[PDB]
Amino acid sequence: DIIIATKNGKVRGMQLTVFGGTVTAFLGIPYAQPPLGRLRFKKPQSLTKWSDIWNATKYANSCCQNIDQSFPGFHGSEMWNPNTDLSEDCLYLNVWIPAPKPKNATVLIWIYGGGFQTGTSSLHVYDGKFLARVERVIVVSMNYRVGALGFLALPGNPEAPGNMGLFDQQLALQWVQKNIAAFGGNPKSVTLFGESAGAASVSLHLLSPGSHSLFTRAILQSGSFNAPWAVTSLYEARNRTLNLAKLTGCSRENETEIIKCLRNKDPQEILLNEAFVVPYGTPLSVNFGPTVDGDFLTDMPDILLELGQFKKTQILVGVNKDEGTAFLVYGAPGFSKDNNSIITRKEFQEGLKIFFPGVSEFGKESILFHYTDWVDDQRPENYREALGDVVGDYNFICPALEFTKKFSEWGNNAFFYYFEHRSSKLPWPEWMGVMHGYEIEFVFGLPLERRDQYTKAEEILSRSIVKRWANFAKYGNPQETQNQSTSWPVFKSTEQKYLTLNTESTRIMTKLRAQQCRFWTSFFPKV
Amino acid sequence: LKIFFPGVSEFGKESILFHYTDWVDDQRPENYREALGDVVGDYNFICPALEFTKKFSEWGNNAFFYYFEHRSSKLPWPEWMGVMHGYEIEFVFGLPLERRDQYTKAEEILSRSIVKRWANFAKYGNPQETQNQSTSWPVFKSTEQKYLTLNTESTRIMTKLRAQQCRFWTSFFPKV
Amino acid sequence: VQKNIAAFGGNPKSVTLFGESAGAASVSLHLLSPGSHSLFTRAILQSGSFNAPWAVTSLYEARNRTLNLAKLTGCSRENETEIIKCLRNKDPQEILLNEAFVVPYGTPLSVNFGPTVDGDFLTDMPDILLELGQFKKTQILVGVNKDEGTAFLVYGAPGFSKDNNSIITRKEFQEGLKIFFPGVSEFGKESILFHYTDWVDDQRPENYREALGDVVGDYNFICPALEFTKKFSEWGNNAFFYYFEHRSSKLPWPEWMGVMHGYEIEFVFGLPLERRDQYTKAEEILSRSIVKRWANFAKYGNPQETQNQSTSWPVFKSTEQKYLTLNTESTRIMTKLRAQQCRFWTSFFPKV
Ligand SMILES: *[C@@H]1O[C@H](CO[C@@H]2O[C@@H](C)[C@@H](O)[C@@H](O)[C@@H]2O)[C@@H](O[C@@H]2O[C@H](CO)[C@@H](O[C@H]3O[C@H](CO)[C@@H](O)[C@H](O[C@H]4O[C@H](CO)[C@@H](O)[C@H](O)[C@@H]4O)[C@@H]3O)[C@H](O)[C@H]2NC(C)=O)[C@H](O)[C@H]1NC(C)=O
Ligand SMILES: *[C@@H]1O[C@H](CO[C@@H]2O[C@@H](C)[C@@H](O)[C@@H](O)[C@@H]2O)[C@@H](O[C@@H]2O[C@H](CO)[C@@H](O)[C@H](O)[C@H]2NC(C)=O)[C@H](O)[C@H]1NC(C)=O
Ligand SMILES: *[C@@H]1O[C@H](CO[C@@H]2O[C@@H](C)[C@@H](O)[C@@H](O)[C@@H]2O)[C@@H](O[C@@H]2O[C@H](CO)[C@@H](O)[C@H](O)[C@H]2NC(C)=O)[C@H](O)[C@H]1NC(C)=O
Ligand SMILES: *[C@@H]1O[C@H](CO[C@@H]2O[C@@H](C)[C@@H](O)[C@@H](O)[C@@H]2O)[C@@H](O[C@@H]2O[C@H](CO)[C@@H](O)[C@H](O)[C@H]2NC(C)=O)[C@H](O)[C@H]1NC(C)=O
Ligand SMILES: *[C@@H]1O[C@H](CO[C@@H]2O[C@@H](C)[C@@H](O)[C@@H](O)[C@@H]2O)[C@@H](O[C@@H]2O[C@H](CO)[C@@H](O)[C@H](O)[C@H]2NC(C)=O)[C@H](O)[C@H]1NC(C)=O
Ligand SMILES: CC(=O)N[C@H]1[C@H]([C@H](O)[C@H](O)CO)O[C@@](O[C@@H]2[C@@H](O)[C@H](O)O[C@H](CO)[C@@H]2O)(C(=O)O)C[C@@H]1O
Ligand SMILES: *[C@@H]1O[C@H](CO[C@@H]2O[C@@H](C)[C@@H](O)[C@@H](O)[C@@H]2O)[C@@H](O)[C@H](O)[C@H]1NC(C)=O
Ligand SMILES: *[C@@H]1O[C@H](CO[C@@H]2O[C@@H](C)[C@@H](O)[C@@H](O)[C@@H]2O)[C@@H](O)[C@H](O)[C@H]1NC(C)=O
Ligand SMILES: *[C@@H]1O[C@H](CO)[C@@H](O)[C@H](O)[C@H]1NC(C)=O
Ligand SMILES: *[C@@H]1O[C@H](CO)[C@@H](O)[C@H](O)[C@H]1NC(C)=O
Ligand SMILES: *[C@@H]1O[C@H](CO)[C@@H](O)[C@H](O)[C@H]1NC(C)=O
Ligand SMILES: *[C@@H]1O[C@H](CO)[C@@H](O)[C@H](O)[C@H]1NC(C)=O
Ligand SMILES: *[C@@H]1O[C@H](CO)[C@@H](O)[C@H](O)[C@H]1NC(C)=O
Ligand SMILES: [Br-]
Ligand SMILES: [Br-]
Ligand SMILES: [Br-]
Ligand SMILES: [Cl-]
Ligand SMILES: [Cl-]
Ligand SMILES: [Cl-]
Ligand SMILES: [Cl-]
Ligand SMILES: [Cl-]
Ligand SMILES: [Cl-]
Ligand SMILES: [Cl-]
Ligand SMILES: [Cl-]
Ligand SMILES: [Cl-]
Ligand SMILES: [Cl-]
Ligand SMILES: [Cl-]
C-alpha cells in the first residue's frame, strides 16, 4: 500500500506490473473544484483540503463532449472515444511514477488533443506506465474541459471569459509544481508534450506569461497555435456564443444573463447545439476553441510569435506523413475507408468546398493549380492523394514548420521530425497512409509490449523514439547516444534540417514541403 | 564472401560479415541476400566513386554526385536485384523518350530530365534543369557531401551517402 | 570540508578534487553528480575516468554479483532485504573472502564491486550524461602515464615476470588477450591483434611484450582519458592534458615496465623535494615544477609555471588536441596522443 501526502490531502495509488518490474499509478487525483452549477464556464477554482485518503485507483470521469459516431463498432474511430463516464465533474489528473520511487525524476506532462472539442487522458494510447517503467520518468496527464463548456467566450466577462480548458491545463501544471516533489519528481525538470489540439495547447503555454514558470521544455506533435483551426477569432467566438444562445432559448441582452440561462441547461442540451453554431461545419470543426481573452492570451498569438514574445527554451516539433487523410472520410464526396477512394477532378473540387467553405472561387482554384500539376496525367489516385496533401499541408505541416522557424529565429534549439511509419496494426486502409494520431502509440511505448502484435522493427522504432523523447525532456537534446544512431541536428531557419522516423533508415533531410508551404504560408493567407 | 574476396584473410572476411550483418530484425529471410549485394556494390563501386569525388573536389573543382534509384519498368532481371549496375545507361541515352518502346510516362519524364542535365553539364559545366521547377543540383564538397537522387517520384538532396559503410571500406579494409 | 575547513584557514569556495586511477574515476563522477556540484570548484584526473571500461559496473553485472556473493555465503533468500540482513551478520572476513569469486573470469585486479547507476549519486548511465553535457561546468586537468598497462601483465599474463625481461611469443600474446578480454569474441581479440602487431621490424624480440602492455594501457586508461577530455572540453570549459613519461630513478619494478601506472603520484605529492630521499636533482626539479602547476591549477584554474621560463601549457581543444609532456629532459607540446590506437578503441571496439 503506497500513500503519498499532497498539499491538499493524502492519495492512495496502486501498483502495476510492467515488463517484469513495477510502476505506481495514481489515477484520478482531483486538481480543481468541480466546475458545476454557478462554476460552469468559469476559470477553474482552487481545490480545498480533504482530510481522509483519496483513492486514486481508477481513471476519473471524462469531460462532456460529443463522441465520434461516424464508424460505430470500428476500432479505428472508437479507440479515440472516451472510455470513462462523461461528466462536468471531470477536472482530474493521473500520475505514473517508477518503482522504486525515484529521487528527482524528470516529469513529462501529456496534453491530449481532439480539436478542443473532444478527448480524455484515460485513453489506452496515452497510458504513461511504459514511459515510467522504461525511462524512469514521471508521467502526468490531465482532463481539461472541451467544447463550449471549456471554450465558450464573451471576452472580458468572467462568467464566460474564454480559454477555460487552457486554464484547467494551467492549474494542473501548478498542481505539479506544488506536489510532484512528494512523488519523487523534479518540478524544475517538467516537459509538456501533446498532440494535435494538445500540441496547439503546448504552444500556447509557451506564449502565456502565466504558464512560463510552470514548465521547462516543450514537445509539439502534429499541431501548433498558428494552425488555421487552432485559434477562434473574437468575432467568430461572439457569433458562436450568440448562436448557441438562440439555439437554446437563452438570448438575452444583459450578457451575463445569457450565461446564467446557459448555466441552467443540461449538459446534453449544450452539447447537442454546439455543432450548429457554425453555418458550414463538419464532425471535426473547432466550434469552440482558444481565443484572445486578454488573460491567458494577451494578444493575437501570431503577433507574439513574430515578435519573439514567448518562453525561451528548447522545443521538439514534428508531423506525420499523411496528416490530412483522416479528415477525408468525414464528409469529402467519393471517399470511404472501405474502398480505395479513387476520386475525380469534380470530386476533388467538391472536397475543396467542404474543407475551405468561406474561401473565394479564386482561392480554391489556386489550391487546385498548386496541387494538380501531375508527374503523370493518368495515375488514378492523383486527386485522392492531392486532396489529402492539401488538407495535411494547410492544417498541420506548413503551420508546424512556420512555428519552428519563427521560434528558432530567437536563438533557441529546435528539433523537427517527420514521422513516416505506418503501424502494422493500423485498422484504417492503406491508402490513408501514416495518419494523424498514429505516432502517439510509438511515443508512449505501446510496441514495447511484445504480447501486443507489433513487429520487431516497430519495437526497435518505439524504443528509439522513447529514448529520444526522454533525453529531450531530461537534457534538452533528443539523441539516442548508445546504439550508433543518426544524430538529430538542430533546426535552423536557414538550413531547415529535420529527422525522418521510420523502421528502415532514419535520415537527415532539409526543407520539408518547401514548395507547398511557400504557397500556404506566404500566398494563401492573402486570399 | 570467399568467391568475391578470394585471397583475403579469414579475419578480413569476418570483418565484412561483422559490418554487414548487425540486423535491424534477426528474422527477415532476405537479410543475407541483401547484405551480400550491398557488400559487393559498396566495395566495388559506391565507396570508390565517393572517395574519388571527395579527393577530386578537394583541389578546388566543382563536382556533382548522383544516386540513381529507379528500376526500369522493362527490366528483365528479377525484382530482388533492384536498380542494377548498367541500367541507368538507357535513361542517359534517352531510350525512354521513344514512346513506341514500352516505358512509362514517368520514365519518359525522368529520362528527359537526365538528358537535359547531362547536356547542360557538357555544354555549361552545371547539371541543372533550369526551366521546369526542378530540384537544383548542389556541388559536392568534402565537408557536406551533398548528392542528388534520381527517381521518377521525388528528386531529393541528401548527404553523406553510405557514410558508415564507406568508412569501413575506405579506411579500415585496405589494411587487411 | 564545506562546513569545517574555514575553521582551519581554508577557503571552501576554492576546493580542487584530485585523485588517481579509481580515485580519478571518482573525481569524474563527482563532476557528473548533482549532489557533489556545490562541494568543489575544479578537478584533476590522474590515470582514470568513469568512461574507462573497468570503472562502472552494469546493473546486470551488479545484480549477478550481489546474488553470487549471497550464494557463496549461504545468504540466498528471496525477500531481497533478507539477503542483506543475512549478509549483515557475516564477519568482514567472510564477505572479503568471497568477493573474488563473484565473477566467473577475473584476476587479482578485477573491479568486482564498483560504481553503478543507482538513481541517486548517478541518475543515468554516465556515458549519456557526458555526451549530452550534463555535468559541472569548470576547468579540468587530466593525464596519463606512458606505460599504464605494464603493471597488469605480471598479475596473470603467461610468460610475464617482474624478475626477467618477459620476452613473450605470439601465442603468449594471444593467451594474454584472453585473460584481459575474457568474454570478448574471437573476432574481437583478432581485431586487437591485427591493430597492435603490424611491426616496424618483424624480428624485434620484445614486439609482443610491448604490444600487450600498450593494448592494456590504451584500452583501460589512455583512450578513455582522452575521450573524456574531448567530450568535456566540447561544452566550453578549459581542459589541460598531460602525458607523464618519467621513470622514477628509485622504481623497484624492472625497466621493461617503463613509466608505470601509479608512479606519477610521488611527483605530484612532492616526495622528490626531500633531498634526503635518493631521488636525482632532475627529479627534484620535475617534482617542483609539477607541484607548482598543480597548485596553480587549484588556485587559479591554469596549470602554468610562470616564473622559470617554462613551456606554457595550452588548453586541450577537440580540434587540435594539444597536450604537455612531463619529463626531466625537455617538456614539449604535442598533438593527438595515440591517435590511431584510440580510433580503434573508441570508435570500432565498442561495437564488438
Ligand atoms: C479507499 O481504499 C481503502 C482500502 O482499499 C483497499 O486496499 C487494498 C490494499 C485492497 O485490500 C483493496 O481491497 C482495496 O483497494 C478502503 O478501505 C476499505 O474499507 C472497507 C469498508 O467497506 C473495509 O472493509 C471491511 O473491514 C472491516 C474490518 O473490521 C469490516 O468489519 C467491515 O465490515 C463491517 O461493515 C458494517 C458497516 O456498519 C459493520 O457494522 C460490520 O460490523 C462489518 O464488520 C468492512 O466492510 C476496510 O477498511 C477496507 N477494505 C479492505 C479490503 O482493506 C476505503 O473504503 C476506500 N475509500 C472509499 C471507497 O471511499
Ligand atoms: C453568424 O451567425 C449567423 C446566424 O447563424 C444562423 O443561426 C444560428 C442560430 C445557427 O443555426 C446557424 O447554423 C445559422 O446559420 C449566420 O447567418 C446565416 O448564414 C447562412 C449562410 O451564410 C444563411 O443561409 C442564414 O440564413 C443566416 N442566418 C441568419 C439568421 O442571418 C452568419 O453567417 C454567421 N457569420 C459567419 C461569419 O459565419
Ligand atoms: C467508395 O465508396 C464511396 C462511399 O459510398 C458508400 O460506401 C461504399 C463503400 C458503398 O457501401 C456504397 O454503397 C455507399 O454509398 C462511393 O461514393 C459513392 O459513389 C457513388 C457515385 O460515385 C454514389 O453511390 C454516391 O454519390 C457516393 N457516396 C458518397 C457518400 O460519396 C465511391 O463511389 C466508392 N469508390 C470506389 C472507387 O469504389
Ligand atoms: C552470473 O553468475 C552465474 C553463476 O556464477 C557461478 O556461481 C557463483 C556463486 C560463483 O562461484 C561464480 O564463480 C560461478 O561461475 C554465471 O554462471 C556460470 O558461468 C560459468 C562460465 O560461463 C559456468 O562454467 C558455470 O557453470 C555457471 N554457473 C551457473 C550456476 O550457471 C554466469 O556466467 C554469470 N553471468 C555473467 C554474464 O558472467
Ligand atoms: C620469465 O619468467 C616467467 C615466469 O616463470 C616463473 O618465474 C621465473 C622468474 C622463474 O623463477 C620460473 O621458475 C617461474 O616458473 C617464465 O614463464 C614460465 O615459462 C616457462 C615456459 O615458457 C614455464 O616454466 C612456465 O609455463 C612459465 N610460467 C609462467 C608463470 O608463465 C618465462 O619463461 C620467463 N621468461 C624469460 C624470457 O626468461
Ligand atoms: C458518478 C459517476 O460517473 N461514477 C461513479 C460510479 C457510478 O455512479 C456507479 O458505478 C454506477 O454506474 O460510482 C462510484 O461509486 C460507488 C458508490 O456509489 C458505492 O459505495 O458503491 C461502490 C463501492 O465499490 C462505489 O464506491 C464508483 O463505482 O467508483 C463513484 C463514481 O464517480
Ligand atoms: C533536484 O534537482 C534540482 C536541480 O534541478 C536541476 O535544474 C533543472 C533546471 C533541470 O535541468 C534538472 O535536470 C537539474 O537537475 C535541485 O535544485 C534540487 O535540490 C534536487 N532535489 C532533490 C530532492 O534531489
Ligand atoms: C575567502 O575568499 C572568498 C572569495 O573566494 C574567491 O572565489 C572563489 C570562487 C575562488 O576562486 C577564490 O580563490 C577567491 O578568493 C571570500 O568571499 C571570503 O570572504 C574570504 N574569507 C576570508 C576569511 O578571507
Ligand atoms: C445585469 O447587468 C448589470 C450591469 O453589468 C450587472 O451588474 C448585473 O449583475 C446583471 N444582472 C442582473 C440580474 O442585474
Ligand atoms: C540498444 O541496443 C540494445 C541491444 O544491443 C537494446 O537492448 C536497447 O534497447 C537499445 N537501446 C535503445 C535506446 O534503442
Ligand atoms: C519541361 O516541360 C515541358 C512541358 O511543360 C516538356 O515538354 C519538356 O520536355 C520539359 N523539359 C525538360 C527538360 O524536362
Ligand atoms: C520482507 O519484504 C517486505 C516487503 O518489501 C518488507 O516490508 C519487509 O521488511 C521484509 N522483511 C521482513 C522480515 O518482513
Ligand atoms: C625556479 O627556480 C628557482 C631557482 O632559480 C628555484 O629555487 C625554484 O624552486 C624554481 N621554481 C619552480 C616553481 O620550479
Ligand atoms: Br475555426
Ligand atoms: Br575492424
Ligand atoms: Br567490470
Ligand atoms: Cl512524402
Ligand atoms: Cl486531369
Ligand atoms: Cl517534400
Ligand atoms: Cl507560389
Ligand atoms: Cl542470423
Ligand atoms: Cl545510406
Ligand atoms: Cl569501422
Ligand atoms: Cl610513447
Ligand atoms: Cl611475428
Ligand atoms: Cl602516440
Ligand atoms: Cl581502425
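Residues numbered from 1 in each chain as written, not as in the entry; some residues may be left out. Chains lettered and ligands numbered in written order. Part of a larger assembly, values for the part shown. Heavy atoms only, no water.

Looking at the PDB entry, one finds chain C named Cholinesterase and attributed to Homo sapiens. The deposited PDB record carries the title "Human butyrylcholinesterase in complex with ((6-((2E,4E)-5-(benzo[d][1,3]dioxol-5-yl)penta-2,4-dienamido)hexyl)triphenylphosphonium bromide)". According to the UniProt record, the Catalytic activity comment for chain C reads "an acylcholine + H2O = a carboxylate + choline + H(+)". Regarding chain C, the UniProt comment filed under Subunit reads as follows: "Homotetramer; disulfide-linked. Dimer of dimers." (UniProt positions renumbered as here; feature names shortened; annotations may be inferred.)

The PDB entry lists chain B under the name Cholinesterase, with Homo sapiens given as the organism.

Colleague: What's the story with the interface of chain C and chain A in this structure? I'm lost.
Modeller: It is common to give the size of an interface as the accessible area that goes away when the parts come together. Counting residues at the interface gives eleven residues for chain C, matched by nine residues for chain A. Of the roughly 860 Å² buried at the junction of chain C and chain A (both faces included), carbon and sulfur atoms supply 56%. Linking chain C with chain A are zero salt bridges, by the criterion used here. Residue composition of the side of chain C that touches chain A, by class: four nonpolar, two polar and five charged. (Contact = heavy atoms within 4.5 Å. Buried area = accessible area lost by both parts, 1.4 Å probe. Salt bridge = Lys/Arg side-chain N within 4 Å of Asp/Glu carboxyl O. Nonpolar A, V, L, I, M, F, W, Y, C, P; charged D, E, K, R; others polar.)

Colleague: Can you walk me through the site of ligand 3 in this structure?
Modeller: Residue and element names in this part refer to chain A. Near ligand 3 the following residues occur: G334, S336, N339 and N340. Contact distances for ligand 3 include 3.2 Å between an oxygen atom and a backbone N or O atom of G334. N339 is positioned such that a nitrogen or oxygen atom in its side chain is 2.4 Å from an oxygen atom of ligand 3. Considered on its own, ligand 3 offers 700 Å² of accessible surface; in the complex 31% of this is hidden by protein. (Near = heavy atom within 4 Å. Polar contact = N/O pair within 3.5 Å; in protein donor to acceptor, adjacent residues only side chain to side chain. Areas by Shrake-Rupley, 256 points an atom, 1.4 Å probe, with all protein chains shown as cover.)

Colleague: Sorry if this is basic, but what is going on with the interface of chain B and chain A here?
Modeller: Contact residues are listed per partner, giving eleven residues for chain B and eleven residues for chain A. Area buried by chain B at its contact with chain A is led by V24, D25 and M158 of chain B, which between them contribute 40% of it. At the junction of chain B and chain A, the tally comes to zero salt bridges. The interface formed by chain B and chain A includes zero residue pairs in polar contact.

Colleague: Before we go on, may I ask you to explain the UniProt feature "disulfide bond" in chain B in this structure?
Modeller: Judged by the under 2.5 Å criterion, the sulfur atoms of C47 of chain B and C166 of chain B, which UniProt pairs in a disulfide, are close enough at 2.1 Å to be bonded in these coordinates. Pair noted here: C47 of chain B is in helix α2 (residues 31–57) and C166 of chain B is in helix α5 (residues 163–172), with a separation of 119 residues, a long-range link. (Disulfide = S-S within 2.5 Å. Helix = DSSP H or I, 4+ residues; strand = E, 2+ residues; numbered from the N terminus.)

Colleague: Help me understand the UniProt feature "active site" in chain C, please; the structure alone is not making it clear to me.
Modeller: Residue and element names in this part refer to chain C. Sequence positions flagged by UniProt for "active site" are, in local numbering, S21, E148 and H261. In sequence the annotated residues extend across 241 residues, while in space they remain close, none of their C-alpha pairs exceeding 10.1 Å. When neighbours within four sequence positions are excluded, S21 is seen to be in contact with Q46, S47, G48, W54 and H261. Among the structural elements, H261 can be located in the loop between β4 (239–244) and α10 (265–268). On the basis of relative accessibility, which here comes to 15%, the residue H261 falls in the buried class. If we skip the residues at most four places from it in the chain, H261 touches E20, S21, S47, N145, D147, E148, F152 and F221. (Buried < 20%, exposed > 50% of the residue type's maximum accessible area, 1.4 Å probe, protein only.)

Colleague: Looking at this structure, I do not really get helix α6 (residues 234–247) of chain A. What am I missing?
Modeller: An α-helix turns once every 3.6 residues. As a result, residues three or four positions apart point the same way. Residue and element names in this part refer to chain A. Taking 1.5 Å per residue as the helical rise, α6 with its 14 residues ought to reach 20 Å, and the 20 Å between its terminal C-alpha atoms agrees with that figure. Along α6, the positions that sit buried rather than exposed are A237, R240, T241, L244 and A245. Seen end-on, α6 carries its buried residues on one side only, within an arc spanning 140 degrees. Counted as exposed and oriented over 90 degrees from the buried face of α6: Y235 and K246. Packed against the buried residues of α6 are α3 (148–151), α7 (255–262) and α8 (267–274). Of the residues trailing α6, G249 is marked for its positive phi of about 70 degrees. (Expected span 1.5 Å × (residues − 1). Arc of directions from axis to C-beta.)

Colleague: What am I meant to see in the pattern of salt bridges here?
Modeller: Any two side chains of opposite charge can pair, given that their charged atoms come close. On inspection of all chains with the given rule, the structure shows 39 salt bridges over all chains. Close ionic contact of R156 of chain B with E69 of chain B constitutes a salt bridge, the shortest N to O distance being 3.3 Å. Separated by 87 residues along the polypeptide, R156 of chain B in the loop between β2 (146–150) and β3 (157–159) and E69 of chain B in the loop between β1 (66–68) and α3 (89–92) bring together distant segments of the chain. Residue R156 of chain B is classed as partly exposed on the basis of its relative accessible area, which comes to 25%. Judged by its relative accessible area of 29%, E69 of chain B falls in the partly exposed class. A salt bridge links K250 of chain C to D277 of chain C; the shortest N-O distance between them is 3.1 Å. Taken together, the residues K250 of chain C in the loop between β4 and α10 and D277 of chain C in the loop between α10 and α11 (281–300) connect sequence positions 27 residues apart. Among the residues examined, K250 of chain C registers a relative accessible area of 35% and is labelled partly exposed. Connected via shared salt-bridge partners are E135, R463, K467 and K474 of chain A.

Colleague: Which parts of the structure should I look at to understand the UniProt feature "disulfide bond" in chain C?
Modeller: Residues and elements named next belong to chain C. Agreement with UniProt is obtained for the disulfide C75 to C86: its S-S length of 2.1 Å falls short of 2.5 Å. Taken together, the positions of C75 in the loop between α2 (59–72) and α3 (80–87) and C86 in helix α3 put the pair eleven residues apart, joining distant regions of the chain. The same class applies to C75 as to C86, namely buried. Here the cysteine sulfurs of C223 and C342 are separated by 2.1 Å, meaning the disulfide UniProt annotates for them is intact. In this pair, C223 is assigned in helix α9 (residues 207–233) and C342 in helix α12 (residues 339–348), connecting sequence segments 119 residues apart. Overall, the relative accessible area of 2% leaves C223 in the buried class.

Colleague: Help me understand a nonpolar patch on the surface, please; the structure alone is not making it clear to me.
Modeller: Residue and element names in this part refer to chain A. On the surface, a cluster of nonpolar side chains totalling about 270 Å² of accessible area is made up of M300, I303 and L307. Turning to its location among the elements, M300 is positioned in the loop between α8 and α9 (301–306). For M300, a relative accessible area of 45% corresponds to the partly exposed category. (Patch = residues over 30% accessible without salt bridge, like charges linked within 9 Å, V, L, I, M, F, W, Y side chains within 5 Å.)

Colleague: Hey, could you run me through empty space enclosed by the protein in this one?
Modeller: Using a probe with the size of a water molecule, rolled over the atoms, empty space left in the structure can be pinpointed. Residues and elements named next belong to chain A. Taken as a whole and assessed by the stated rule, the structure comprises three cavities of 30 Å³ or more. As a volume, the largest cavity reaches approximately 70 Å³. Every residue lining the largest cavity is listed: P35, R40, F41, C63, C64, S87, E88, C90, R145, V146 and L149. (1 Å grid on protein atoms, 1.4 Å probe; cavity = no way out; pocket = protein on both sides within 12 Å on 5 of 7 lines; lining within 4 Å. Points joined across faces, edges and corners; volume = space filled by probe spheres on them.)

Colleague: Is there a simple way to explain the packing of aromatic side chains in this structure?
Modeller: Given two aromatic rings, their pairing is described by the distance between the two centres and the angle made by the two planes. Applying the stated rule across the entire model yields 104 aromatic pairs over all chains. Centre to centre, the rings of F181 of chain C and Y219 of chain C are 4.8 Å apart; their planes meet at 45 degrees, and the pair counts as tilted. A residue pair is termed long-range when its members are at least 10 positions apart, and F181 of chain C in the loop between α7 (170–180) and α8 (186–196) and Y219 of chain C in helix α9 qualify at 38 residues. Residue classification places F181 of chain C among the buried residues on the basis of a relative accessible area of 3%. Stacked on the ring of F167 of chain A, the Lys or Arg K43 of chain A has its end atom at 4.0 Å from the ring centre. Note that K425 of chain A overlies the ring of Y454 of chain A, its terminal NZ or CZ placed 4.8 Å from the centroid. (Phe/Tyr/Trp six-rings, centres within 6.5 Å; stacked < 30°, edge-to-face > 60°. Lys NZ or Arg CZ within 6 Å of the ring centre and 35° of its normal.)

Colleague: Can you walk me through the packing of α7 of chain C against α8 of chain C in this structure?
Modeller: What describes two packed helices is the angle between their axes and the distance between those same axes. Residues and elements named next belong to chain C. It is at 10 Å that the axes of α7 and α8 come closest, and there the two elements cross at 130 degrees. The angle between α7 and α8 places the two elements in the oblique class. The two elements α7 and α8 cross, and the hand of that crossing is right-handed. Contact residues: α7 offers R170, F173, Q174, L177 and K178, while α8 offers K189, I192 and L193. When its residues are assigned to classes, the contact of α7 with α8 shows four nonpolar, one polar and three charged. (Axes fitted to C-alpha atoms, helices over the stretch in contact; angles between N-to-C directions. Parallel < 35°, antiparallel > 145°, perpendicular 65-115°, else oblique. Left-handed = near helix turned anticlockwise from the far one by under 90°.)

Colleague: Would you mind going over the site of ligand 11 with me for this structure?
Modeller: Residues and elements named next belong to chain B. Every residue near ligand 11 is listed here: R112, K116, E129 and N132. Take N132: an N or O atom from its side chain is 2.4 Å from an oxygen atom of ligand 11. Computed on the free molecule, ligand 11 has an accessible area of 370 Å², of which 46% lies beneath the protein chains in the complex. Partitioning the shell around ligand 11 into residue classes produces no nonpolar, one polar and three charged.

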